[PDB]
Every structure is written in structure tokens, then in C-alpha cells.
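Everything below concerns the one structure shown next.
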Amino acid sequence: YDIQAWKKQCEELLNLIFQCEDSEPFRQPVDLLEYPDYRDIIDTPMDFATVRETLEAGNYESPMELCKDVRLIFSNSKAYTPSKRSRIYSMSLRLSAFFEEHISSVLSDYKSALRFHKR
Ligand SMILES: COCCNC(=O)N1CCN(C(=O)c2ccco2)CC1
């Protein structure tokens with residue numbers, strides 16, 4: 001029933017993601033000097049440092065909003081990859097499974113707590 005607990009839970013999950021080698025490609029913005037066409041394909045860049053800064057700034061209201069931005073990291077990788085067997089895309093899929101496994105209880109607890117609050 002703690003409707004604020006999602007924020008520390010998301011901080012801790014981001015800490016786990018940053019320790020994970022599969023987050024290597026996703027920790028900071030794509031450099032257009034390395035990938036000159038990146039913004040020709042990707043409309044809305046996202047990375048985990050941006051997600052963490054948004055959280056720490058107090059600019060997420062709910063864990064659903066954070067989840068939308070994290071999912072955008074993964075959909076950007078799927079859109080940019082020239083192969084479904086690329087190194088970086090393959091890393092994105094494992095990291096996505098990890099994130100979804102861990103965010104499930106954060107979303108459930110928040111939605112439960114908020115329903116209780118509004119009862
Ligand atoms: C060390 O990380 C530097 C920042 N990241 C980065 O440059 N990226 C990450 C996003 N990305 C892809 O998802 C992708 C799919 C297939 C090839 O790349 C493009 C490359």
C-alpha cells in the first residue's frame with residue numbers, strides 16, 4: 001500500500017541493470033559521430049542514464065512512465081538493428097527479459113497500492 005515505494009525499487013533495478021554487462025550499449029546516448037544515420041531511423045533516443053536522471057529529477061509520476069521509456073530503449077534497438085542476430089540487439093533481448101522479470105512486481109505493487117489509496 002506504499003504508493004511511493006516504486007521509486008526506490010526502480011533505483012535499485014537500474015543499479016542492477018548498470019552492473020549487468022548486457023546494458024553496456026544502453027548506458028549513454030548513441031553518438032551520431034559513430035552512427036551518422038541513427039536519427040534518420042530513431043525519432044526518440046533513450047538510454048538508461050536518461051531514465052535514471054529522469055527518475056532522480058522527480059520527473060516520473062509512476063513506474064508505468066519509467067517502463068515506457070525503458071521499453072523505448074529496447075524498441076529503438078530492434079528498429080536500428082540490421083540483423084536479429086546482431087550483438088547489440090541480442091544484448092537488448094536478454095536485458096529486456098531481465099527488466100520485465102524485475103519490473104512486474106513493481107508495477108503490480110504500485111497499482112495495488114494506488115487502488116487501495118483511491119478505495
Ligand atoms: C557503448 O554504447 C555506446 C552507445 N550505444 C550505441 O552506440 N548504440 C546502442 C543502440 N544501438 C543499437 O541498439 C544497435 C542495434 C544494432 C546495432 O546497434 C546502436 C548503438
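Labels for the C-alpha cells follow display order: chains A, B, ..., residues from 1 in each chain, ligands from 1.
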### Message
Please return as a PyMOL selection string the residues found within 10 Å of ligand 1, counting only C-alpha atoms and all ligand atoms.
### Response
chain A and resi 23-35+38+42+45-47+73-92
### Query
Just asking: which residues within chain A are alpha helix (DSSP H) according to DSSP, as an MDAnalysis selection string?
chainID A and resid 6:19 38:41 48:56 63:80 87:117
### Query
How many Å lie between CA of residue 21 (chain A) and CA of residue 36 (chain A), rounded to one decimal?
24.9 Å
Per residue of region 38-91 of chain A within 12 Å of region 110-116 of chain A, which atom pair is closest and at what distance in Å (one decimal), using only C-alpha atoms, listed by chain and increasing number, as CSV?
```
residue,atom,partner,partner_atom,distance
A:61,CA,A:110,CA,11.2
A:62,CA,A:110,CA,8.0
A:63,CA,A:110,CA,7.6
A:64,CA,A:110,CA,9.2
```
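Between residue 98 (chain A) and the candidates A:3, A:20, A:10, A:67, the tightest atom-to-atom separation, counting only C-alpha atoms, involves A:20.
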### Query
What is the distance, in Å and to one decimal place, between CA of residue 52 (chain A) and CA of residue 5 (chain A)?
15.8 Å
Would you mind listing what lies within 9 Å of residue 11 (chain A) as a PDB file with C-alpha atoms, in the first residue's frame, with only C-alpha atoms counted and same-chain residues fewer than 3 positions away left out?
```pdb
ATOM      1  CA  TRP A   6       8.169   2.128  -6.724  1.00  0.00           C
ATOM      2  CA  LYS A   7      10.817   4.896  -6.900  1.00  0.00           C
ATOM      3  CA  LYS A   8      13.497   3.242  -4.731  1.00  0.00           C
ATOM      4  CA  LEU A  14      18.513   0.494 -12.519  1.00  0.00           C
ATOM      5  CA  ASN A  15      21.576  -0.175 -10.301  1.00  0.00           C
ATOM      6  CA  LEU A  16      21.253  -3.917 -11.189  1.00  0.00           C
ATOM      7  CA  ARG A  52      17.894   7.269 -14.152  1.00  0.00           C
ATOM      8  CA  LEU A  55      13.718   9.326 -12.066  1.00  0.00           C
ATOM      9  CA  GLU A  56      16.224  11.165  -9.810  1.00  0.00           C
TER      10      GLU A  56
END
```
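With CA of residue 39 (chain A) on one side and CA of residue 93 (chain A) on the other, the separation reads 21.6 Å.
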